[PDB]
Amino acid sequence: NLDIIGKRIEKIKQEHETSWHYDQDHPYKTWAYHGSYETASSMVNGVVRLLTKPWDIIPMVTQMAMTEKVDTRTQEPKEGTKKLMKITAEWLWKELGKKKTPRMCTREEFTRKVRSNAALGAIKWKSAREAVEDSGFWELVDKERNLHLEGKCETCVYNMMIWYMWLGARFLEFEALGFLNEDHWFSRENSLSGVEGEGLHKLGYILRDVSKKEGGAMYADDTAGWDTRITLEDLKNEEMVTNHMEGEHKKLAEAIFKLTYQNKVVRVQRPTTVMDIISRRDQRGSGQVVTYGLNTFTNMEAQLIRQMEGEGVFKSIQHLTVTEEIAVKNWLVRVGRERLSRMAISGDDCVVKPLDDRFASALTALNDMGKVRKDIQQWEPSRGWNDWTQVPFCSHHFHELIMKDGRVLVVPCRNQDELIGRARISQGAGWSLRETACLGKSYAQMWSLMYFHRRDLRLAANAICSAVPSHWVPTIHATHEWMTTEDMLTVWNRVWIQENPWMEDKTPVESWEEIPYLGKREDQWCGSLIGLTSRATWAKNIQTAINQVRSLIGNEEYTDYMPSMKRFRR
Ligand SMILES: Cc1cc(Cn2nc(C)ccc2=O)on1
Ligand SMILES: Cc1cc(Cn2nc(C)ccc2=O)on1
Ligand SMILES: [Cl-]
Ligand SMILES: [Cl-]
Ligand SMILES: [Zn+2]
Ligand SMILES: [Zn+2]
């Protein structure tokens, strides 16, 4: 308690000593309140919207651009649950460690990241790019760092909104734990369940490979507030990664887990406006990228245990017998790798193809670990999927699509209203017409690469790339091959043919017309506006929309991509 968070509390209390009140009308029950002191909406991308006019009248698209569970308490698991988690976690860190070496990340790696611009989620210095160059920052980092070796913390404080800390705390986190992401610990090759750095063009092939295994249905249960259900027991099993570490690193990592993860401190703005200095031990509070890795780890653990319960490796979560402990360990050593290979896990998101459908009603460990399923009753058995093409994963489903030459594409898909609505939204303001156009172009090239099989998206993508100057540059499961000025057909051939391990025949495709679409009926099912008069007017009069946007941007060098499509080929 206060002996670990006090210093951080004391430092803040003094920076606002003038205005400090211990409010008695504070809304926190499960969060500890210490005191109080006085104290970037969604915009529309006009380039994308002018080139998607039929969607101006679709409420699912237009509503997307308009516009308390953290204060809950998860009970401590039973002793038999806690045992199962401890044994599985120890075995899983060993497996992940077999072919990887934990190691500290470096400023010269962190710096380069800030130069490339990433969601480091950091709050004297204007931007992050500036602070990185000023050694005064690195001096502050040194003081804190040397404090962490002391077993103490001063400035590592969360700001609720998404939990931003200041760039310095983010570095000390990245220094100790960045290896997890930087060195691909949750790669499919390394972790067997993971998909880190796979890409949306590989996920469908991965789910089809799981489907090939003998077993029951495919289960894809979402957790209700995954992060809020992260117990102190989960934070302590995650910390066992430090047992694979040495020297300074082991100390630095131990400090992040002890002082920032297992004993947090947060400043939340309450408009009644008084900045509450609230604390708590449990729930998920980290950088988005370390959160991804530890979420994947803990999810892999929970799902192996749910598989154990379904296969009758253990009878009761209340207590584990000495013989059961040996049986769990023997199960992991004998079949652990096989059972990891039956799953696709991305943070809190999973798909499991268990040995059989006993898994569907194996609920006691899952519920007692506090990973309560969403959109169902706690003890109602899971609904599985019989077809890998119906399974939801990372907000997508996957279609099997046969090319006119017999080669097989497995393509990602979601409701087209969600795709068009997202492309019409920008995260921030103050951007130029040029920067808005380059973001439109990023969406267009993503659509050409991932969603080429949707008739409306291939047409709108061609229209946007025709409307934006040819040479202008586009601006954690994913890898982003669409962020380039290279020709999109060349990138398509690299991604879907050359580099695709599921494609035996490497014959390049010579034109976009060789590249197939979904069934005309399969397109409407996933939200296409084909067979509507509106969409017909838009398609026919596409060159007029392209010319409207060219006139707004001005006299630049443009390319006509519309003749890459059959209907505009004269
Ligand atoms: C993805 C993503 C990035 C942004 C923020 N943004 N918005 C504009 C208008 C221009 C550039 C830019 O980066 O919005 N969505
Ligand atoms: C079902 C179904 C059949 C069609 C006919 N049609 N097909 C296309 C590809 C474009 C426009 C068009 O009217 O559209 N939806
Ligand atoms: Cl199904
Ligand atoms: Cl994007
Ligand atoms: Zn600290
Ligand atoms: Zn679909």
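The values are calculated or read from the model by the stated rules, or taken from the named source; none is laboratory data. Using ideal geometry, Cβ is built from the backbone for each residue, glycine included, and neighbour counts are taken over all protein chains shown.
The table for this structure:
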item: Residue list for region 368-394, filter: outside any loop (DSSP other than H, G, I, E, B) and over 22 Å from the mean Cα position of the chain (by Cα); result: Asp368, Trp385
item: Failed item, numbered, when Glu198 is tested on (1) in a helix (DSSP H, G or I); (2) touching a helix residue (DSSP H, G or I) at 6+ places or on another chain (Cβ under 7 Å); result: (1)
item: Failed criterion for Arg129 (all others in (1) within 16 Å of ligand 1 (Cβ to nearest atom); (2) in a loop (DSSP other than H, G, I, E, B) hold); result: (2)
item: Any hit, region 321-341, residues being of a type in the set (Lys, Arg) and in a loop (DSSP other than H, G, I, E, B); result: no
item: Residue check, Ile256 closer than 22 Å to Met165 by Cα and under 21 Å from the mean Cα position of the chain (by Cα); result: no
item: In region 481-495, residue farthest from ligand 4 (Cβ to nearest atom) [restricted to those that are outside any loop (DSSP other than H, G, I, E, B) and crowded, with 16+ Cβ neighbours inside 10 Å]; result: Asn493
item: Answer residue from region 395-407, given it is surrounded by 14 or more Cβ atoms within 10 Å (Cβ to Cβ) and assigned to a strand (DSSP E or B) and is nearest to ligand 4 (Cβ to nearest atom) among those; result: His396
item: Residue match in region 554-564 (condition: of a type in the set (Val, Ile, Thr), part of a helix (DSSP H, G or I) and more than 16 Å from ligand 6 (Cβ to nearest atom)); result: no
item: Exclusive hit being aliphatic (A, V, I, L, M), closer than 30 Å to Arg229 by Cβ and buried (at least 16 other Cβ atoms within 10 Å of the Cβ), set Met43, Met64; result: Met64
item: Options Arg424, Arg414, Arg454, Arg407; residue that is more than 10 Å from ligand 1 (Cβ to nearest atom), in contact with a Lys or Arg (Cβ under 6 Å, 6 or more places away or on another chain) and in the same structural domain as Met483 (by TED's automatic domain parsing); result: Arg424
item: Matching residues, region 364-394, being aliphatic (A, V, I, L, M) and surrounded by fewer than 20 Cβ atoms within 10 Å (Cβ to Cβ); result: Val372, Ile376
